[PDB]
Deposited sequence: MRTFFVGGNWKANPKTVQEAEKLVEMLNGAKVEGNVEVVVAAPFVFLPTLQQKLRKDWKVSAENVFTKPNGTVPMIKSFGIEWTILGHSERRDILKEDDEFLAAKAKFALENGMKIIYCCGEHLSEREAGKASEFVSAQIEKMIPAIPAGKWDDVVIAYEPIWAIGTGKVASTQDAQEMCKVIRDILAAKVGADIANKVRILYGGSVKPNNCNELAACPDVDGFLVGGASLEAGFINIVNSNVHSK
């Protein structure tokens, strides 16, 4: 599996002039190793990025399809924080030729209750029937520890490895080892230059859906952590 790093700008930066300067910085970054890089940005900045961003990386929408496809954009994030509704959108996007970063993850109450693996497994079980055969090459899954984002609680490296393996286990049990061995599963908690290398080394962590560090020079460090993933 090729390591995968998505930069999720969220609602940033606040001006198109800042977006263009960020793209200029990214275009000079020296990537090491083997890694697939995607950058998601606010809708009004997608034309700028599609025109100006280095063509060995790909642009992503933050949510959704014919409008963004008319610019040549191939990716969207889905589910970033109803599972039936979300799975339907995954089906629609794949059927219409999009590649997707499908997000899952549990809130604080389920984590504190000891139900994290049960909750996330059920989210993926609802995703699974919606993926068309032949479309699994166009799917990446991101685990978002919602319980550790804005709560005053922090996730460990072991938490990341454990929750990514939970997802791989349920793929293997429901759709088979071939699919489970090819799907990239990302950690989408707090990822920084100070922890990306130890996170990347985890066996079931295939990359990242990066938040605030995607707006900084440190994004290249996170991209280049792929060399620590076996």
query: Got a list of the deposited-sequence ranges with no coordinates?
result: 1, 66 to 72, 90 to 97
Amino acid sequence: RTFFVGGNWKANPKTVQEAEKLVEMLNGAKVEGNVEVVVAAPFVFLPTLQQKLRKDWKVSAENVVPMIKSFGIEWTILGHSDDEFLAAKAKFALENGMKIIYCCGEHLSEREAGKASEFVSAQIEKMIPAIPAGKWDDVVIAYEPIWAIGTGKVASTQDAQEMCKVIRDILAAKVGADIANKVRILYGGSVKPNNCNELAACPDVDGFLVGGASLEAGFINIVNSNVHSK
From here on, numbers count along this sequence of modelled residues.
- prompt: Per the entry, where is the mean C-alpha temperature factor higher: 203 to 211 or 10 to 18?
  reply: 10 to 18
- line: Taking the deposited Cα B-factors and averaging over 24 to 32 and over 181 to 189, the higher mean is found in 24 to 32
statement: Listed options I131, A160, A142, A148: highest C-alpha B factor recorded at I131
- line: Residue set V65, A173, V44, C196, per-entry CA B-factor max assigned to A173
query: So where's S109 on the chain's Cα temperature factor ranking, which third?
result: middle
task: Name the third of the chain's ranked CA B-factors that contains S70, choosing lowest, middle or highest.
output: middle
field: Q123 - Cα temperature factor, lowest/middle/highest third of chain
entry: middle
- request: Sort the modelled residues of this chain by their C-alpha B factor and say whether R54 lands in the lowest, middle or highest third.
  value: middle
field: Lowest, middle or highest third - CA B-factor, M98
entry: highest
